[PDB]
Participant: 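Pasting a structure here, questions to come.
First the proteins, then the strands, lettered A, B, ... as listed; each starts at 1.
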Amino acid sequence: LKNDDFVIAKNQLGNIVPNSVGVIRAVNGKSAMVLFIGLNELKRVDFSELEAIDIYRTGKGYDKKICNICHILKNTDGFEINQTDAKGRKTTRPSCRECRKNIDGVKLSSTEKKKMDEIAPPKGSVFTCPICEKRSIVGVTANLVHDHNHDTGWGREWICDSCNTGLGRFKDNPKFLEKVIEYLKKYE
Amino acid sequence: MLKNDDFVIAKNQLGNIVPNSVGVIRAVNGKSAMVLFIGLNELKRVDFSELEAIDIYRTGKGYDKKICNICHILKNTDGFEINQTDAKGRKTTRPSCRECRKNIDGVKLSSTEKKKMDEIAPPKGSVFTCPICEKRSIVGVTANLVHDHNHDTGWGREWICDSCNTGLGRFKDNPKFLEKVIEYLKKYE
DNA sequence: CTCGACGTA
DNA sequence: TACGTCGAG
Ligand code: NA
Ligand code: NA
Ligand code: NA
Ligand SMILES: [Zn+2]
Ligand SMILES: [Zn+2]
Ligand SMILES: [Zn+2]
Ligand SMILES: [Zn+2]
């Protein structure tokens, strides 16, 4: 084992479950200091409790994949199929089904969905997105969606799919949106 | 013949409105209509002879012509850049035409700014923490990184994840729209 | 040309 | 299952 190499935990290590991926940060004769990426825990682990892994033989094309949140090595079927590439191969979400539970949160409720459906822009109407302010023809030059708050399950507004999928990149969280603002202003 | 809510194109130049500009009929008066031309958001009185009805559902993917999502001019499919492929193997073009993409793309990252960013590039297979979303990742394995740049100046910003980069673009790299997002979210918290 | 990623339908 | 969309590679 060398510094910068990747390993998995062979067994439960305190808070660290087996198959948790870590990077070697220091080595001595019998142990490594390992940063387990999911929990951001740096631990002294005996070599006998670690197994080297080839990170480039994980993910698309392979039988196992490292989750981008928990950074645990899991079977491919532990991740939801989400897209298809130009070669016809299926792409799964980068976060495993367990981690997706926290991301997805509470679904839009039936009664909130009905409230939104009562005021839905008709297909083929001219719509202006309340966020990005772009005009579109509904279902022709932009697709619209029922946005909802995933902490409460309550509806928000009809918005374009582009904006909705943008919100998700920043975790529907004003904290990260404020970080984006500061970042952009720094390089104005 | 023409009805309110029908879609038309300008056959010819109508003041500021170029041919093939898509409009929606907003009022009808004998044989003239008040047409909202969507690209420029201009409401104009137009004689029926200057308009051609179009079927918006026989435009876009699968068809010869497509309406641009910015200028809302009806253009040939090749006026839009191929960008993706769907599950059925069909090619998807960007919703904005090549002309409108010029203004979205702005100034490209300069060669010296690129070389500069390349000298501080996170190594492939290193553990990286995105400066925007704060998510830890393994470079090129659990997240892909990109050279982000300011498209007003052509200068580099930072190495960020592709997810964040493509989020910035959805809001036009413009703090104005990010502020709108904040107030929208706050409103429903 | 090709890419993954998001919350949706 | 699948979708378009973004700045990228
Ligand atoms: Na590989
Ligand atoms: Na949403
Ligand atoms: Na960018
Ligand atoms: Zn996970
Ligand atoms: Zn929008
Ligand atoms: Zn255009
Ligand atoms: Zn990020």
Side-chain angles (χ1 to χ4, degrees), chain A residues 59-60 65 68-69 79-95 100 103-108 113 116-117 120 123 129 131-132 134 136 138-150 155-156 158-172 176, chain B residues 60-61 66 69-70 80-96 101 104-109 114 117-118 121 124 130 132-133 135 137 140-151 156-157 159-174 177:
Chain A
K60 173 173 274 181
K65 178 173 190 186
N68 73 325
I69 305 296
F79 300 79
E80 191 181 59
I81 293 167
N82 186 247
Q83 259 290 4
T84 307
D85 67 24
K87 286 79 152 164
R89 293 161 198 141
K90 298 297 178 193
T91 309
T92 53
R93 299 190 184 269
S95 316
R100 286 296 303 181
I103 290 164
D104 290 333
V106 177
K107 57 141 172 56
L108 180 67
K113 188 173 193 177
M116 293 191 77
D117 282 349
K123 205 196 207 306
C129 183
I131 300 174
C132 66
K134 302 203 295 298
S136 57
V138 178
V140 173
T141 64
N143 290 337
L144 311 184
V145 299
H146 294 90
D147 178 39
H148 81 285
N149 182 296
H150 62 53
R156 296 201 281 239
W158 284 93
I159 61 176
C160 76
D161 179 81
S162 174
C163 287
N164 190 52
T165 50
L167 293 187
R169 290 163 151 75
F170 306 118
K171 315 184 206 186
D172 291 12
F176 299 106
Chain B
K61 179 177 269 185
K66 180 177 190 183
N69 76 320
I70 304 298
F80 299 81
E81 180 178 79
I82 287 167
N83 186 248
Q84 258 294 0
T85 311
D86 67 22
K88 309 176 188 56
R90 304 169 304 176
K91 302 296 174 180
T92 313
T93 52
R94 296 196 186 266
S96 318
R101 289 294 306 179
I104 293 165
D105 289 336
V107 180
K108 261 128 214 300
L109 181 61
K114 179 168 192 173
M117 292 187 87
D118 279 348
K124 161 76 133 307
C130 184
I132 299 174
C133 68
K135 299 202 298 293
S137 59
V141 174
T142 60
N144 290 338
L145 307 190
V146 298
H147 293 100
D148 173 45
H149 84 283
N150 183 299
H151 61 56
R157 296 201 281 243
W159 285 93
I160 61 175
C161 76
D162 179 82
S163 179
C164 284
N165 191 53
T166 53
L168 301 184
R170 289 159 151 74
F171 305 119
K172 312 184 204 189
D173 292 11
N174 189 339
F177 297 108

Participant: For B:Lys61, report the nucleic acid contact type (base, sugar-phosphate, nothing); a contact means any heavy atom under 4.0 Å.
Facilitator: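 If one applies the 4.0 Å heavy-atom cut-off, B:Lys61 turns out to touch the sugar-phosphate alone, with no base involved.
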Participant: Round to the nearest Å and state the distance from B:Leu168 atom CG to D:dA8 atom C1'.
Facilitator: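 Going from B:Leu168 (CG) to D:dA8 (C1'), I get 12 Å.
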Participant: Do B:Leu168 and B:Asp173 have side chains that get closer than 4.5 Å, going by heavy atoms?
Facilitator: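 Yes; the side chains approach each other to less than 4.5 Å.
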Participant: Nearest-Å distance, CZ (B:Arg170) to P (D:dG7)?
Facilitator: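 That distance rounds to 9 Å.
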Participant: What does A:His148 touch in the nucleic acid at a heavy-atom separation under 4.0 angstrom: a base, only the sugar-phosphate, or nothing?
Facilitator: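 Sugar-phosphate: the residue A:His148, judged by heavy atoms under 4.0 Å, touches backbone atoms but no base.
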Participant: Report which part of the nucleic acid B:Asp148 touches: base, sugar-phosphate, or nothing (heavy-atom distance under 4.0 Å, all strands).
Facilitator: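 Answer is sugar-phosphate: B:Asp148 comes under 4.0 Å of backbone atoms only.
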Participant: Rounded to whole angstroms, how far apart are CD1 on B:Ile82 and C1' on D:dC6?
Facilitator: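 After rounding, the gap between these two atoms is 17 Å.
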Participant: Counting only distance, no hydrogens or angles, is the base of D:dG4 paired donor-acceptor with the side chain of A:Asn164 under 3.5 Å?
Facilitator: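 Side chain to base: no pair present.
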Participant: Using a heavy-atom cut-off of under 4.0 Å over every strand shown, decide if B:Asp105 touches base, sugar-phosphate, or nothing.
Facilitator: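 Contact class for B:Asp105: none.
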Participant: Could you tell me the boundaries of the chain A footprint on DNA chain C, defined by atoms under 4.0 Å from its heavy atoms?
Facilitator: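 Under 4.0 Å from chain A, the extent on DNA chain C is C:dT2 to C:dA9.
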Participant: Heavy-atom nearest nucleotide on DNA chain C for A:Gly166 versus A:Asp85: which residue maps closer to 5'?
Facilitator: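 It is A:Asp85, whose closest nucleotide lies nearer the 5' terminus.
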Participant: Atom CD of B:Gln84 and atom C1' of D:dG7: how far apart are they, to the nearest Å?
Facilitator: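 The answer, rounded to whole Å, is 13 Å.
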Participant: Can you find a side-chain donor-acceptor pair between A:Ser95 and A:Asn68 that sits under 3.5 Å?
Facilitator: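 Yes, because at least one side-chain N or O of A:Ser95 sits under 3.5 Å from a partner of the opposite role on A:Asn68.
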Participant: Nearest whole angstrom, please: distance from the P of D:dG9 to the CG of B:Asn83.
Facilitator: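 Rounding to the nearest Å, CG of B:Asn83 and P of D:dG9 are 14 Å apart.
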Participant: Tell me the interatomic distance from A:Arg89, atom CZ, to D:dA2, atom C1', rounded to whole angstroms.
Facilitator: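 The distance from CZ of A:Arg89 to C1' of D:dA2 comes to 19 Å, rounded to the nearest Å.
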Participant: Major or minor groove for the side chain of A:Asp161, going by base atoms under 5.0 Å?
Facilitator: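 Groove assigned: minor.
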Participant: Can you measure B:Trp159 atom CH2 to D:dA8 atom P for me and round it to whole angstrom units?
Facilitator: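 The answer, rounded to whole Å, is 11 Å.
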Participant: In chain order, what residues pass the side chain to side chain contact (heavy atoms under 4.5 Å, CB included) check against B:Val141, with sequence neighbours excluded?
Facilitator: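 Partners of B:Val141 under the side chain to side chain contact (heavy atoms under 4.5 Å, CB included) test: A:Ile55, A:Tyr56, A:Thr58, A:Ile66, B:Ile138.
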Participant: Between the side chain of B:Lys135 and the main-chain N/O of B:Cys161, is any donor-acceptor distance below 3.5 Å?
Facilitator: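 A pair under 3.5 Å: no.
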Participant: Does A:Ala120 offer a backbone N or O that forms a donor-acceptor pair with the side chain of A:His146 under 3.5 Å?
Facilitator: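 No, A:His146 side chain to A:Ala120 backbone: no donor-acceptor pair under 3.5 Å.
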Participant: Counting any heavy atom closer than 4.0 Å, what does B:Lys135 reach on the DNA or RNA strands: base, sugar-phosphate only, or nothing?
Facilitator: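 B:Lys135: no heavy atom of the nucleic acid under 4.0 Å.
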Participant: Contact class for A:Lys171 vs. all strands (heavy atom < 4.0 Å): base, sugar-phosphate, or nothing?
Facilitator: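 Nothing, no heavy atom under 4.0 Å.
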Participant: For B:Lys108, does the NZ atom sit with more than 12 other heavy atoms under 6.0 Å from it, leaving out its own atoms?
Facilitator: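 It does not: B:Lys108 NZ has 12 such atoms or fewer within range.
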Participant: Choosing from D:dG7, D:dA2, D:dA8, which nucleotide comes nearest the side chain of B:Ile104?
Facilitator: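 Among the listed nucleotides, the one closest to the side chain of B:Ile104 is D:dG7.
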Participant: Starting at the 5' end of DNA chain D and moving along, which residue's nearest nucleotide shows up first, B:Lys88 or B:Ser96?
Facilitator: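 Result of the comparison: B:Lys88.
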Participant: Does A:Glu80 reach a base, just sugar-phosphate, or nothing at all? Heavy atoms under 4.0 Å.
Facilitator: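 Since a base atom lies under 4.0 Å of A:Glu80, the category is base.
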Participant: Which heavy-atom pair separates B:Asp105 from B:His151 by the least distance, and what is that distance?
Facilitator: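 Smallest heavy-atom distance, with atoms named: O-CB, 3.3 Å.
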Participant: Using a 4.0 Å heavy-atom cut-off across all strands, classify A:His146 as base, sugar-phosphate, or nothing.
Facilitator: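 It contacts sugar-phosphate atoms only.
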Participant: Between A:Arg169 and B:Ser163, is there a donor-acceptor pair closer than 3.5 Å when you use the side chain of the first and the backbone of the second?
Facilitator: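 Flag set: sc A:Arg169 to bb B:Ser163 pair under 3.5 Å.
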Participant: Over how many whole Å does the gap from B:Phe171 atom CZ to D:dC6 atom P extend?
Facilitator: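 My rounded result for the distance is 11 Å.
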Participant: Starting at the 5' end of DNA chain C, which residue's closest nucleotide do you reach first, B:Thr85 or A:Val145?
Facilitator: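 Taking each residue's closest nucleotide, the earlier one in sequence belongs to B:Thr85.
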